[PDB]
Structures are given as C-alpha cells and as structure tokens.
Ligand SMILES: Cc1cc2nc3c(=O)[nH]c(=O)nc-3n(C[C@H](O)[C@H](O)[C@H](O)COP(=O)(O)OP(=O)(O)OC[C@H]3O[C@@H](n4cnc5c(N)ncnc54)[C@H](O)[C@@H]3O)c2cc1C
Ligand SMILES: Cc1cc2nc3c(=O)[nH]c(=O)nc-3n(C[C@H](O)[C@H](O)[C@H](O)COP(=O)(O)OP(=O)(O)OC[C@H]3O[C@@H](n4cnc5c(N)ncnc54)[C@H](O)[C@@H]3O)c2cc1C
Ligand SMILES: COc1ccc2c(c1)c(=O)c1c(NCCN(C)C)ccc3ncn2c31
Ligand SMILES: COc1ccc2c(c1)c(=O)c1c(NCCN(C)C)ccc3ncn2c31
Ligand SMILES: [Zn+2]
Ligand SMILES: [Zn+2]
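Protein chains in written order, with my numbering: chain C, 1 to 228; chain Z, 1 to 228.
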C-alpha cells in the first residue's frame, strides 16, 4: 500500500506537463496507490522565505535569520500552516514525484519556494543528519522534467552540456541532502517541437514506466554519476 | 561613466549579505559609478510566473503558454510594470551583480522568480541571439554568493562537490545564455562559522576586488571551466 505525492508546477491544465501529471495520477490510482497532488500555481503557493513563515515570538527579533527562526519554529510547532500542510504530505509519502518544465536549468520559482520553505532544518535534515543521514531517509524522489532544448543540445558536446549537469543541485544538493534515494529522472525533451505522435509516445513512455516504478532501484547520486 | 545594477536577495539589512551589498554600493558610488539596487524582499517582488504578468489581451486565451505570452507581451509593450521596471534597469546597466545566500545549491526563490520573469524572450534572448550572441551581449554579470558550507566541503571530492558544479545553471544556463560575459564569481564561504577577523577579511576582499572590477576579463564560461 504505497503513498505518492506529486508536486506539480505548471500554470495550464492542458499543457504537456498537465498531461504527464494526469497520467501519473491515473496510473498510480489504477494500481491502488494513495495519491496526493500539490498543484502549486492553483494553490497560489507562497515562494518567498520571509518572517511571515513564523507565527509566534522570534528568537532574535532584532536580526532576522530565516534558517535559525524556521528551525526553532518547526520544533515549537509555530511554522505557518501552508508549510506544515506540505510537510504532512511529504512525511506520509513513500515516493515524491516533481513534475515541472525546466526554467533556467532549474525548477520554476514557485517550486524553488516549496523546496526553500518546506524542507526546513529539523524536518528534512539536521546538522548532523544529512545526505545518507538525512531525515527523509527511506523515501524515494523522482524528477519528471520537460524542456525546450532537444536531447542532442543536452549532450556533453552540445551547447547546453549534458542533462545530468543541471540535475546536480536538485538531485544531490536538495533531495539526496535530505536523505531521499533518487530514482532515475524522467526527461521529456522538447515537446513543443516534437510531432503529435512523438508527444503521444513520450506520455505513453511515462505511463508505462510507472507500471513498474516500484521495482526500480535508485541511482548512485554521486559526482561521478552526474559528471563522469 | 559605468552603470551597475545590484539585484539583492536577503531579508535582513544587518546580514553578511546586507553588508556585502552596502560595501558594493559604497565603493562603486565612491568611484563615481551610477548605482541602482533591486532589494527584492523589500519590494515584495513577485516570484511566480503567471498570467498576471501580461496586461493586454492574451494571444491565446484558451490555453496559457507563459513563454509565448510573455514574448508577445514584450514586443507589444504589455508586460506588467514590475517586470518592465526591472528590464529598464538591466537595459541601462553595464554590470549586474547578484548578491544572495545560497539556497539549495541555487538562488533563493524570490531571485529565481526575478530570473524567470525578467529575462523573457525578446529581451534577454531570441532565435538566434543566445550564449555568445545573447541579447544582453556587451554586459557583465557577477554572482556574489555566501554559503553555509565550508570551502573544504565544496571540493571536487568533498561532500558537496566543487562550488563550480552548482554555478553551472546560473552562470552558463542563465547568464551566458542571455549574452552576459561572466566575471569570476565572488564566493564568501561560511560566514556564520568564520571568525570575526575572517569575516572582515572576506568583506575586505570584496571591497578591494570592486576597486579594480573594470579591469577584469570574463571567465571562459564553458563546460570545461565548470567540470574540468
Ligand atoms: C522562464 C522560462 C525558462 C525556461 N528555461 C529553460 C531552460 O533553461 N532550458 C530549456 O531546455 N527550456 C527552458 N524553457 C522552456 C520550457 O522548459 C518548455 O517550454 C517546457 O518544458 C514545455 O513544456 P510545456 O508543458 O509547457 O509544453 P506545452 O506547450 O504545454 O506542450 C507542447 C504541446 O504538447 C501538447 N500536448 C499536451 N498534452 C498532450 C498529450 N497528452 N499528447 C499530445 N500532445 C500533448 C500541447 O497541446 C502542446 O501543443 C523555459 C521556459 C520558460 C518560460
Ligand atoms: C532555505 C535555505 C537553503 C540553504 N541552502 C544551502 C545550500 O544548498 N548550501 C549551502 O552551503 N548553504 C545553504 N544555506 C545556508 C545559507 O547559504 C547561509 O546561511 C547564508 O549564506 C549565510 O549568509 P547570511 O548573510 O545570511 O549570514 P549571516 O548569518 O547574516 O551573517 C553571518 C555573520 O556575519 C556577521 N556579519 C554581518 N556583516 C558583517 C560585517 N560587515 N563584518 C563582519 N561580520 C559581519 C553577521 O552579524 C553574522 O553574525 C541555506 C539556507 C537556507 C535558509
Ligand atoms: C538554457 O536554454 C534555455 C534557456 C532559457 C530558455 C530556453 C532555453 C527556452 O528554450 C525557452 C523557451 N523555449 C520554447 C520556445 N518556443 C518553442 C516556444 C521558451 C521560453 C523561454 N524562456 C526562457 N527560455 C525559454
Ligand atoms: C547543500 O548543503 C546544504 C543544503 C541545505 C542547507 C545547508 C546546506 C545549510 O548549511 C543550511 C543552513 N546552514 C546554517 C545552519 N547552521 C549553520 C546554523 C541553515 C538552513 C538551511 N536550510 C537548508 N540548508 C541550510
Ligand atoms: Zn547525491
Ligand atoms: Zn557558459
């Protein structure tokens, strides 16, 4: 009985991202999984890390330090409820899928804000308690990314460099840091210029992969895997 | 008679980041440069890429495509005023300094939002204007980042990998792509754990570097620079 959270970052339900999110919901639901989706734009999710994220007395009201104050607020249970709502979803999930279009070799800012605000010290990691010792150990994560650039542009000898290069801050710096094991990324290249049949093939490839997702092992989330 | 824009992303004026920003203002002003600062948190800068970024009639009101709509709005002068205000500052600038604490191997979401929303097609890049040919060619950009991790953690074989690894999406995927020549990053490692004299040393290095910033040559912003 597996639980899945999909954190979804696209403005348009009819988009290629919307279709990938929906096929994931359909297929995981068909399998009998418990499925939850955080539709960040529809939630008008707050991306900014501010003192509003702490709802009670600050430990140093003279000089605001976001990391210190959110860590303390997590322990005291005085974080803003939008954050703790997301933490509950993550805590319960066996697998977290992130579905998003690549923006500037990274995640859209609304999703960056989810990472910044939800993955606070005490919840996602501690010092010590990170990388293999991260607090979300035992959980799986998977990035399902769409791009403007073609697969060929995203090779070692391409203009954009290899696709694994841009995965490093997300897979290693964020997910592995918090203790997740990382499943191989799903990258759907350049749907805007793909043919209708090619688009349909990309969506079907994702649905098909999800059929056996619970049999997969994570990647070795290392510099070598990313950079060779 | 050089013009500088500083895009600043910290919540707290008394922070190490705040001090680095003020030192830059003081020193560049002293030189007689024209200086502008976009204090993103103080501006409550909007990070989310949404249909509110277009003020005109949408080019396709049935299916919302952020990239297409903003490209068209740029050309028709119908982008939201917060975006066009930032574009004016960038257009006039000879150098753009980004001052920020590293969040998840990247920029804080509020600054990611500035990148997502300000650097639109038609303004910062186009077909064929990208990388060396990007539309902001002639301009210089510089990342001034502070970290939680020590320099030793940011080595090739260290836990975090080389600091150059996380710079790739920002320096190459973003700044170089838009035509910026990228000056060497200013990395102020672990100020929270540095001693008082080490902190003063890091600030002094920055102020001193700023004295001769106009004599610098851009880095070769290549995959080899970052990973080789
Ligand atoms: C701010 C910004 C920054 C960006 N930075 C980068 C970058 O650094 N690198 C990069 O490579 N790209 C970048 N891009 C491009 C971006 O990644 C792509 O535009 C995006 O991934 C396309 O996905 P989409 O869901 O929006 O496509 P869509 O435009 O929604 O989809 C394309 C087509 O697929 C169709 N479609 C939807 N569902 C189906 C279906 N089930 N079967 C058949 N077709 C279907 C749609 O109708 C549409 O015609 C950036 C874009 C923006 C706006
Ligand atoms: C959401 C989040 C994600 C993060 N992700 C990462 C990550 O992926 N990798 C990583 O390495 N770190 C990460 N960090 C840590 C973060 O990068 C550091 O905490 C930040 O860079 C510290 O900079 P600061 O300006 O906030 O330091 P501050 O705490 O504000 O300053 C440090 C000290 O220097 C002092 N100081 C200020 N001005 C001067 C001055 N003029 N001269 C002498 N001392 C001065 C201050 O008073 C303070 O005591 C993350 C933090 C958060 C909140
Ligand atoms: C790193 O390589 C990059 C960097 C930034 C990019 C893109 C690629 C990019 O491809 C892209 C885009 N593509 C689709 C164009 N037509 C097909 C709709 C649309 C908007 C937009 N805004 C920023 N970026 C955009
Ligand atoms: C990738 O390496 C990472 C990733 C995420 C990190 C950090 C490092 C990090 O150092 C850090 C942090 N440091 C100061 C805490 N102590 C030093 C007071 C505070 C908050 C916070 N939230 C996320 N992260 C934080
Ligand atoms: Zn890793
Ligand atoms: Zn480059």
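Cβ coordinates follow ideal geometry from the N, Cα and C atoms, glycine included.
- Query: Out of curiosity, what's the CA-to-CA distance linking residue 182 of chain Z and residue 33 of chain C?
  - Reply: Each residue's alpha carbon lies about 48 angstroms from the other.
- Message: Run through chain Z and tell me which residues come within less than 8 angstroms of residue 51 of chain C, C-beta to C-beta.
- Response: For a Cβ distance threshold of 8 angstroms, residue set 11 of chain Z lies close to residue 51 of chain C, ordered along the chain.
- Check residue 189 of chain Z in the structure and name its three-state DSSP category. The answer is coil: DSSP assigns residue 189 of chain Z none of H, G, I, E or B.
- Taking 8 angstroms as the cut-off, does the CB of residue 222 of chain Z come closer than this to any heavy atom belonging to ligand 6? In this structure, residue 222 of chain Z has its beta carbon less than 8 angstroms from a heavy atom of ligand 6.
- Taking residue 46 of chain C as the reference, which of C:207, C:147, C:111, C:146 has the closest Cα? A check of alpha carbon separations from residue 46 of chain C across C:207, C:147, C:111, C:146 identifies C:111 as the nearest.
- Query: Going along chain Z, which residues have a C-beta under 9 angstroms from residue 220 of chain C?
  - Reply: In chain order: nothing, as chain Z lies at least about 14 angstroms away.
- Task: Taking residue 115 of chain C as the query, report the chain Z residues whose CB atoms sit under 9 angstroms from its CB, ordered along the chain.
- Result: In chain order: 103, 104, 106, 109.
- Message: I'd like to know if residue 145 of chain C contacts chain Z, where contact means its C-beta is closer than 9 angstroms to some C-beta of that chain.
- Response: So, not an interface residue.
- Please confirm if residue 174 of chain C has its CB atom under 9 angstroms from at least one CB of chain Z. Contact of residue 174 of chain C with chain Z is assigned, a C-beta pair being separated by under 9 angstroms.
- Return the CA-CA distance between residue 199 of chain Z and residue 85 of chain C, expressed in angstroms with no decimal places. Distance between the alpha carbons of residue 199 of chain Z and residue 85 of chain C: 38 angstroms.
- Query: Should residue 71 of chain C be listed as close to ligand 4, given that the test is whether its C-beta is under 8 angstroms from any heavy atom?
  - Reply: Under cutoff, so the answer is yes.
- Query: Pairing CB atoms from the region 19-32 of chain C with CB atoms from the region 123-137 of chain C, are three or more of them under 8 angstroms?
  - Reply: Result no; under three Cβ-Cβ pairs closer than 8 angstroms.
- Message: Can you determine whether any heavy atom of ligand 1 sits closer than 8 angstroms to the C-beta of residue 19 of chain C, and answer yes or no?
- Response: In terms of side-chain proximity, the C-beta atom of residue 19 of chain C is found nearer than 8 angstroms to a non-hydrogen atom of ligand 1.
- Message: Distance cutoff 9 angstroms, beta carbons only. Does residue 177 of chain C sit that close to anything in chain Z?
- Response: By this cut-off, residue 177 of chain C is an interface position.
- Task: For residue 63 of chain Z, return the contacting residues in chain C, with the cut-off set at a CB-CB distance below 8 angstroms.
- Result: Those are 12, 14, 15, listed as they occur along chain C.
- Query: Does the beta carbon of residue 182 of chain C fall short of 8 angstroms from some heavy atom of ligand 5?
  - Reply: Yes, ligand 5 has a heavy atom inside 8 angstroms of this Cβ.
- Message: Could you tell me the alpha carbon to alpha carbon distance between residue 13 of chain C and residue 66 of chain Z, rounded to whole angstroms?
- Response: Rounded to the nearest angstrom, the two C-alpha atoms are 13 angstroms apart.
- Hey, does residue 223 of chain C have any beta-carbon neighbour from chain Z nearer than 9 angstroms? It does: the Cβ of residue 223 of chain C has a partner Cβ on chain Z nearer than 9 angstroms.
- Message: With a threshold of 9 angstroms between beta-carbons, can residue 148 of chain Z be considered close to chain C, or not?
- Response: Yes, its Cβ sits closer than 9 angstroms to a Cβ of chain C.
- Task: Classify residue 9 of chain C as helix, strand or coil using the three-state DSSP reduction.
- Result: The answer is coil: DSSP assigns residue 9 of chain C none of H, G, I, E or B.
- Message: Would you say residue 182 of chain Z lies against chain C (beta-carbon separation less than 9 angstroms)?
- Response: By this cut-off, residue 182 of chain Z is not an interface position.
- Bounding residues of the alpha helix (DSSP H) (the contiguous stretch that carries residue 118 of chain Z): Here the alpha helix (DSSP H) through residue 118 of chain Z covers 109-118.
- Task: Could you please give me the residues that DSSP links to residue 285 of chain Z through a beta bridge?
- Result: Here chain Z comprises residues numbered 1 to 228, so residue 285 of chain Z is not present and cannot be evaluated.
- Task: Taking only beta-carbon positions, decide if residue 227 of chain C is within less than 9 angstroms of chain Z.
- Result: Contact of residue 227 of chain C with chain Z is assigned, a C-beta pair being separated by under 9 angstroms.
- Could you confirm whether any beta carbon from chain Z is found closer than 9 angstroms to the beta carbon of residue 23 of chain C? Proximity of residue 23 of chain C to chain Z, defined by a Cβ-Cβ separation below 9 angstroms, is not satisfied.
- Task: Could you tell me whether any Cβ in chain B is nearer than 9 angstroms to the Cβ of residue 166 of chain C?
- Result: Annotation note: the requested chain B is absent from the structure, which comprises protein chains C and Z.
- Query: Exposed or buried, what is residue 168 of chain Z when buried is set at 16 or more other beta-carbons lying within 10 Å of its beta-carbon?
  - Reply: It is buried - the Cβ of residue 168 of chain Z has at least 16 other Cβ atoms within 10 Å.
- Message: Please identify, using Cβ separations under 8 angstroms, the residues of the region 130-145 of chain C that lie next to chain Z, in order along the chain.
- Response: Residues of the region 130-145 of chain C with a C-beta less than 8 angstroms from any C-beta of chain Z: 131, listed in chain order.
- Query: Can we count residue 41 of chain Z as close to ligand 2, meaning its CB is less than 8 angstroms from some heavy atom?
  - Reply: Result no, Cβ not under 8 angstroms from ligand 2.
- Item | DSSP bridge partner residues for residue 39 of chain Z (one or two, in chain order) | In the DSSP output, where bridge partners are listed per residue, residue 39 of chain Z has Z:8.
- Could you work out which residue in Z:36, Z:15, Z:106, Z:100 is closest to residue 91 of chain Z when comparing CA atoms only? Minimum Cα distance to residue 91 of chain Z is reached at Z:36.
- Item | C-beta contact flag for residue 56 of chain Z and residue 76 of chain Z at 9 angstroms | Result yes, Cβ atoms of residue 56 of chain Z and residue 76 of chain Z sit closer than 9 angstroms.
- Indicate whether at least one CB of chain Z lies closer than 9 angstroms to the CB of residue 112 of chain C. The beta carbon of residue 112 of chain C falls within 9 angstroms of a beta carbon belonging to chain Z, placing the residue at that interface.
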